[PDB]
Amino acid sequence: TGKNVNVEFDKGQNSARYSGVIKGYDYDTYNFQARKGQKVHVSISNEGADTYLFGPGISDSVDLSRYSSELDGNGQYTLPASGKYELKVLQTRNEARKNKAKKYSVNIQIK
Ligand SMILES: [Cl-]
């Protein structure tokens, strides 16, 4: 529940950048369709916000943040199935406690 943004790329691009404001425990969701074997890379401008991926072939979630052990050497994660994924942007639990609004910018690249 909360913001949903269907990720639409345009033209000849393989990435799109989005912005949001989330307060406390609220989260924003970015939906996209992808083919198994494609690689996703997500960057975020605010270290107080996590970026978690949900979808087919993923039992719980994948942490796509920059220091996540789930990324390869190029900062990418390989999507294990074809279908609809969700990237959620939420505050860390330690930050969420403060019930403050944070702005963020997220870049979503699917290759
Ligand atoms: Cl960024």
# chains A, B, ... in the order shown; residues from 1 in each chain; ligands from 1
call {"tool": "residues_near_ligand", "arguments": {"ligand": "ligand 1", "cutoff": "12 Å", "atoms": "only C-alpha atoms and all ligand atoms", "output": "count of residues only"}}
result
23
call {"tool": "select_by_dssp", "arguments": {"residues": "chain A", "states": "strand (DSSP E or B)", "output": "PDB file with N, CA and C atoms, in the first residue's frame"}}
result
ATOM      1  N   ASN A   4       2.616   3.641  -6.085  1.00  0.00           N
ATOM      2  CA  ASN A   4       3.033   2.676  -7.093  1.00  0.00           C
ATOM      3  C   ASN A   4       3.384   3.393  -8.393  1.00  0.00           C
ATOM      4  N   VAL A   5       4.522   3.036  -8.966  1.00  0.00           N
ATOM      5  CA  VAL A   5       4.968   3.639 -10.207  1.00  0.00           C
ATOM      6  C   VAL A   5       5.323   2.507 -11.144  1.00  0.00           C
ATOM      7  N   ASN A   6       4.524   2.325 -12.189  1.00  0.00           N
ATOM      8  CA  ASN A   6       4.889   1.394 -13.248  1.00  0.00           C
ATOM      9  C   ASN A   6       6.121   1.934 -13.966  1.00  0.00           C
ATOM     10  N   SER A  15      17.323   2.560 -18.546  1.00  0.00           N
ATOM     11  CA  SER A  15      17.254   3.035 -17.175  1.00  0.00           C
ATOM     12  C   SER A  15      16.287   4.206 -17.062  1.00  0.00           C
ATOM     13  N   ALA A  16      15.740   4.400 -15.868  1.00  0.00           N
ATOM     14  CA  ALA A  16      14.928   5.570 -15.576  1.00  0.00           C
ATOM     15  C   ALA A  16      15.188   5.984 -14.140  1.00  0.00           C
ATOM     16  N   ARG A  17      15.128   7.288 -13.895  1.00  0.00           N
ATOM     17  CA  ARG A  17      15.363   7.832 -12.570  1.00  0.00           C
ATOM     18  C   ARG A  17      14.052   8.363 -12.002  1.00  0.00           C
ATOM     19  N   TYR A  18      13.803   8.079 -10.727  1.00  0.00           N
ATOM     20  CA  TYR A  18      12.584   8.523 -10.060  1.00  0.00           C
ATOM     21  C   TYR A  18      12.914   9.191  -8.737  1.00  0.00           C
ATOM     22  N   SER A  19      12.004  10.038  -8.264  1.00  0.00           N
ATOM     23  CA  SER A  19      12.171  10.707  -6.977  1.00  0.00           C
ATOM     24  C   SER A  19      10.953  10.475  -6.090  1.00  0.00           C
ATOM     25  N   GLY A  20      11.154  10.530  -4.779  1.00  0.00           N
ATOM     26  CA  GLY A  20      10.048  10.368  -3.860  1.00  0.00           C
ATOM     27  C   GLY A  20      10.342  11.005  -2.522  1.00  0.00           C
ATOM     28  N   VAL A  21       9.328  11.030  -1.664  1.00  0.00           N
ATOM     29  CA  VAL A  21       9.473  11.445  -0.281  1.00  0.00           C
ATOM     30  C   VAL A  21       8.741  10.395   0.532  1.00  0.00           C
ATOM     31  N   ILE A  22       9.426   9.781   1.487  1.00  0.00           N
ATOM     32  CA  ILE A  22       8.763   8.805   2.345  1.00  0.00           C
ATOM     33  C   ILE A  22       8.962   9.150   3.799  1.00  0.00           C
ATOM     34  N   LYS A  23       7.911   8.972   4.587  1.00  0.00           N
ATOM     35  CA  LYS A  23       7.976   9.326   5.990  1.00  0.00           C
ATOM     36  C   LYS A  23       7.878   8.066   6.835  1.00  0.00           C
ATOM     37  N   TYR A  27       6.483   3.208   2.441  1.00  0.00           N
ATOM     38  CA  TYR A  27       7.388   2.818   1.373  1.00  0.00           C
ATOM     39  C   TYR A  27       6.765   3.071   0.007  1.00  0.00           C
ATOM     40  N   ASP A  28       7.618   3.222  -1.008  1.00  0.00           N
ATOM     41  CA  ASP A  28       7.184   3.444  -2.383  1.00  0.00           C
ATOM     42  C   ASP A  28       7.543   2.214  -3.186  1.00  0.00           C
ATOM     43  N   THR A  29       6.682   1.854  -4.135  1.00  0.00           N
ATOM     44  CA  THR A  29       6.880   0.659  -4.935  1.00  0.00           C
ATOM     45  C   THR A  29       7.006   0.993  -6.414  1.00  0.00           C
ATOM     46  N   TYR A  30       8.011   0.394  -7.044  1.00  0.00           N
ATOM     47  CA  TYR A  30       8.280   0.584  -8.460  1.00  0.00           C
ATOM     48  C   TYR A  30       8.206  -0.765  -9.153  1.00  0.00           C
ATOM     49  N   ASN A  31       7.215  -0.889 -10.026  1.00  0.00           N
ATOM     50  CA  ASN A  31       6.909  -2.150 -10.687  1.00  0.00           C
ATOM     51  C   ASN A  31       7.520  -2.203 -12.068  1.00  0.00           C
ATOM     52  N   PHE A  32       8.036  -3.370 -12.443  1.00  0.00           N
ATOM     53  CA  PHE A  32       8.549  -3.549 -13.792  1.00  0.00           C
ATOM     54  C   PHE A  32       8.457  -4.992 -14.259  1.00  0.00           C
ATOM     55  N   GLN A  33       8.341  -5.151 -15.573  1.00  0.00           N
ATOM     56  CA  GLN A  33       8.346  -6.452 -16.218  1.00  0.00           C
ATOM     57  C   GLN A  33       9.746  -6.702 -16.746  1.00  0.00           C
ATOM     58  N   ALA A  34      10.207  -7.942 -16.648  1.00  0.00           N
ATOM     59  CA  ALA A  34      11.545  -8.276 -17.121  1.00  0.00           C
ATOM     60  C   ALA A  34      11.606  -9.721 -17.567  1.00  0.00           C
ATOM     61  N   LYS A  39      19.684  -8.200 -16.228  1.00  0.00           N
ATOM     62  CA  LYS A  39      20.346  -7.742 -15.014  1.00  0.00           C
ATOM     63  C   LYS A  39      19.784  -6.402 -14.571  1.00  0.00           C
ATOM     64  N   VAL A  40      19.521  -6.284 -13.272  1.00  0.00           N
ATOM     65  CA  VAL A  40      19.017  -5.051 -12.699  1.00  0.00           C
ATOM     66  C   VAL A  40      20.098  -4.416 -11.824  1.00  0.00           C
ATOM     67  N   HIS A  41      20.156  -3.093 -11.859  1.00  0.00           N
ATOM     68  CA  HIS A  41      21.040  -2.326 -10.997  1.00  0.00           C
ATOM     69  C   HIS A  41      20.240  -1.151 -10.482  1.00  0.00           C
ATOM     70  N   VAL A  42      20.211  -0.969  -9.162  1.00  0.00           N
ATOM     71  CA  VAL A  42      19.483   0.155  -8.585  1.00  0.00           C
ATOM     72  C   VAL A  42      20.408   0.981  -7.697  1.00  0.00           C
ATOM     73  N   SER A  43      20.460   2.287  -7.944  1.00  0.00           N
ATOM     74  CA  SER A  43      21.223   3.176  -7.084  1.00  0.00           C
ATOM     75  C   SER A  43      20.257   4.118  -6.379  1.00  0.00           C
ATOM     76  N   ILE A  44      20.653   4.610  -5.212  1.00  0.00           N
ATOM     77  CA  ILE A  44      19.788   5.509  -4.452  1.00  0.00           C
ATOM     78  C   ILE A  44      20.643   6.601  -3.813  1.00  0.00           C
ATOM     79  N   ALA A  49      17.786   4.943   3.157  1.00  0.00           N
ATOM     80  CA  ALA A  49      16.707   4.201   2.495  1.00  0.00           C
ATOM     81  C   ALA A  49      17.199   2.903   1.870  1.00  0.00           C
ATOM     82  N   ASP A  50      16.490   1.816   2.145  1.00  0.00           N
ATOM     83  CA  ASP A  50      16.811   0.521   1.556  1.00  0.00           C
ATOM     84  C   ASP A  50      16.113   0.391   0.211  1.00  0.00           C
ATOM     85  N   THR A  51      16.637  -0.491  -0.635  1.00  0.00           N
ATOM     86  CA  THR A  51      16.040  -0.790  -1.931  1.00  0.00           C
ATOM     87  C   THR A  51      15.974  -2.297  -2.043  1.00  0.00           C
ATOM     88  N   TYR A  52      14.778  -2.844  -1.864  1.00  0.00           N
ATOM     89  CA  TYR A  52      14.557  -4.290  -1.873  1.00  0.00           C
ATOM     90  C   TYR A  52      13.747  -4.726  -3.083  1.00  0.00           C
ATOM     91  N   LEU A  53      14.145  -5.844  -3.678  1.00  0.00           N
ATOM     92  CA  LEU A  53      13.471  -6.380  -4.855  1.00  0.00           C
ATOM     93  C   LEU A  53      12.639  -7.617  -4.511  1.00  0.00           C
ATOM     94  N   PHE A  54      11.402  -7.655  -4.997  1.00  0.00           N
ATOM     95  CA  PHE A  54      10.524  -8.810  -4.809  1.00  0.00           C
ATOM     96  C   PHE A  54      10.035  -9.288  -6.157  1.00  0.00           C
ATOM     97  N   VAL A  62      15.433  -9.540  -2.371  1.00  0.00           N
ATOM     98  CA  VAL A  62      16.843  -9.338  -2.670  1.00  0.00           C
ATOM     99  C   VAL A  62      17.215  -7.911  -2.320  1.00  0.00           C
ATOM    100  N   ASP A  63      18.294  -7.761  -1.559  1.00  0.00           N
ATOM    101  CA  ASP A  63      18.809  -6.444  -1.202  1.00  0.00           C
ATOM    102  C   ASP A  63      19.658  -5.959  -2.380  1.00  0.00           C
ATOM    103  N   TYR A  77      22.281  -7.531 -10.271  1.00  0.00           N
ATOM    104  CA  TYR A  77      21.635  -8.774  -9.868  1.00  0.00           C
ATOM    105  C   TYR A  77      20.944  -9.383 -11.084  1.00  0.00           C
ATOM    106  N   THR A  78      21.108 -10.687 -11.292  1.00  0.00           N
ATOM    107  CA  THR A  78      20.474 -11.352 -12.433  1.00  0.00           C
ATOM    108  C   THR A  78      19.078 -11.865 -12.091  1.00  0.00           C
ATOM    109  N   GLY A  83       8.774 -12.073 -15.635  1.00  0.00           N
ATOM    110  CA  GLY A  83       7.516 -11.654 -15.049  1.00  0.00           C
ATOM    111  C   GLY A  83       7.615 -10.318 -14.357  1.00  0.00           C
ATOM    112  N   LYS A  84       6.712 -10.095 -13.411  1.00  0.00           N
ATOM    113  CA  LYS A  84       6.560  -8.798 -12.777  1.00  0.00           C
ATOM    114  C   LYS A  84       7.311  -8.708 -11.454  1.00  0.00           C
ATOM    115  N   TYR A  85       8.208  -7.732 -11.363  1.00  0.00           N
ATOM    116  CA  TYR A  85       8.977  -7.495 -10.152  1.00  0.00           C
ATOM    117  C   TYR A  85       8.544  -6.213  -9.458  1.00  0.00           C
ATOM    118  N   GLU A  86       8.895  -6.102  -8.177  1.00  0.00           N
ATOM    119  CA  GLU A  86       8.653  -4.886  -7.401  1.00  0.00           C
ATOM    120  C   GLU A  86       9.935  -4.454  -6.718  1.00  0.00           C
ATOM    121  N   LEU A  87      10.312  -3.201  -6.926  1.00  0.00           N
ATOM    122  CA  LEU A  87      11.390  -2.605  -6.159  1.00  0.00           C
ATOM    123  C   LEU A  87      10.739  -1.725  -5.124  1.00  0.00           C
ATOM    124  N   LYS A  88      11.034  -1.964  -3.856  1.00  0.00           N
ATOM    125  CA  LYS A  88      10.450  -1.108  -2.827  1.00  0.00           C
ATOM    126  C   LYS A  88      11.534  -0.252  -2.205  1.00  0.00           C
ATOM    127  N   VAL A  89      11.202   1.013  -1.981  1.00  0.00           N
ATOM    128  CA  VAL A  89      12.099   1.961  -1.357  1.00  0.00           C
ATOM    129  C   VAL A  89      11.488   2.282  -0.006  1.00  0.00           C
ATOM    130  N   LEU A  90      12.215   1.950   1.057  1.00  0.00           N
ATOM    131  CA  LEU A  90      11.729   2.150   2.422  1.00  0.00           C
ATOM    132  C   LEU A  90      12.862   2.637   3.290  1.00  0.00           C
ATOM    133  N   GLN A  91      12.541   3.309   4.389  1.00  0.00           N
ATOM    134  CA  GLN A  91      13.593   3.766   5.294  1.00  0.00           C
ATOM    135  C   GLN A  91      14.151   2.566   6.051  1.00  0.00           C
ATOM    136  N   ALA A 101      10.351  12.725   7.332  1.00  0.00           N
ATOM    137  CA  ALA A 101      10.262  12.514   5.889  1.00  0.00           C
ATOM    138  C   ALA A 101      11.639  12.667   5.262  1.00  0.00           C
ATOM    139  N   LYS A 102      11.998  11.690   4.441  1.00  0.00           N
ATOM    140  CA  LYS A 102      13.252  11.724   3.704  1.00  0.00           C
ATOM    141  C   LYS A 102      12.929  11.837   2.231  1.00  0.00           C
ATOM    142  N   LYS A 103      13.672  12.675   1.512  1.00  0.00           N
ATOM    143  CA  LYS A 103      13.585  12.640   0.057  1.00  0.00           C
ATOM    144  C   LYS A 103      14.664  11.692  -0.477  1.00  0.00           C
ATOM    145  N   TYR A 104      14.414  11.140  -1.651  1.00  0.00           N
ATOM    146  CA  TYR A 104      15.380  10.261  -2.298  1.00  0.00           C
ATOM    147  C   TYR A 104      15.221  10.316  -3.814  1.00  0.00           C
ATOM    148  N   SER A 105      16.272   9.885  -4.500  1.00  0.00           N
ATOM    149  CA  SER A 105      16.247   9.701  -5.940  1.00  0.00           C
ATOM    150  C   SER A 105      16.772   8.307  -6.200  1.00  0.00           C
ATOM    151  N   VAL A 106      16.070   7.554  -7.037  1.00  0.00           N
ATOM    152  CA  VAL A 106      16.466   6.183  -7.333  1.00  0.00           C
ATOM    153  C   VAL A 106      16.671   6.035  -8.842  1.00  0.00           C
ATOM    154  N   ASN A 107      17.735   5.339  -9.235  1.00  0.00           N
ATOM    155  CA  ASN A 107      17.958   5.049 -10.645  1.00  0.00           C
ATOM    156  C   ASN A 107      17.813   3.560 -10.852  1.00  0.00           C
ATOM    157  N   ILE A 108      16.945   3.176 -11.783  1.00  0.00           N
ATOM    158  CA  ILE A 108      16.647   1.777 -12.021  1.00  0.00           C
ATOM    159  C   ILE A 108      17.103   1.398 -13.417  1.00  0.00           C
ATOM    160  N   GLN A 109      18.067   0.490 -13.497  1.00  0.00           N
ATOM    161  CA  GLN A 109      18.609   0.077 -14.785  1.00  0.00           C
ATOM    162  C   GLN A 109      18.359  -1.406 -15.004  1.00  0.00           C
ATOM    163  N   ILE A 110      17.770  -1.753 -16.146  1.00  0.00           N
ATOM    164  CA  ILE A 110      17.509  -3.150 -16.469  1.00  0.00           C
ATOM    165  C   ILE A 110      18.098  -3.433 -17.849  1.00  0.00           C
TER     166      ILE A 110
END
call {"tool": "residues_around", "arguments": {"residues": "residue A:94", "least_positions_apart": "4", "cutoff": "10 Å", "atoms": "only C-alpha atoms", "output": "PyMOL selection string"}}
result
chain A and resi 24+48+98
call {"tool": "atom_distance", "arguments": {"atom1": "atom CA of residue A:36", "atom2": "atom CA of residue A:2"}}
result
27.5 Å
call {"tool": "atom_distance", "arguments": {"atom1": "atom CA of residue A:1", "atom2": "atom CA of residue A:100"}}
result
18.8 Å
call {"tool": "atom_distance", "arguments": {"atom1": "atom CA of residue A:79", "atom2": "atom CA of residue A:35"}}
result
7.4 Å
